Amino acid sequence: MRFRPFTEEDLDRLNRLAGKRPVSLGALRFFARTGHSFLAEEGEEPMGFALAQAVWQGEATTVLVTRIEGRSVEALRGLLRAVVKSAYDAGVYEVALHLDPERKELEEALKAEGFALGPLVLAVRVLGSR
């Protein structure tokens, strides 16, 4: 298994991993430009991806993982590691993710790669779409 930046040529591979929530070409292009987004592959079987980006806090920066998908704990862990490395290299202060706690594989991968699930809590208000 390997972890790499994706390009436009990888649109189908990403969408093979994207289930019922497709990644557009526009989204792929934007996330390719961040330097924080990765594709996981076993051979040329796609195995996961992470869409992540830098968000300025006013002094420090956070890298937010907007989306992560993966077919195994191994894929999820390696994607997190690749994101974390890209954050360290950019002098980013922290990496954050909004976790659905039903996703046990992701929860396992997060703990294995040094993420905490507290004490900070996520507050959300969904407004909806037009």
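A residue's number is simply how far along the shown sequence it sits, counting from 1.
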**Q.** Between 97-105 and 48-56 (mean CA B-factor, as deposited), the higher
**A.** 97-105
Q | Assigned third (lowest, middle, highest) for the C-alpha B factor of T62 | A | lowest
Q. Among the modelled residues of its chain, does the C-alpha B-factor of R130 lie in the lowest, middle or highest third?
A. highest
Q) When the modelled residues of the chain are sorted by Cα temperature factor, does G78 land in the lowest, middle or highest third? A) lowest
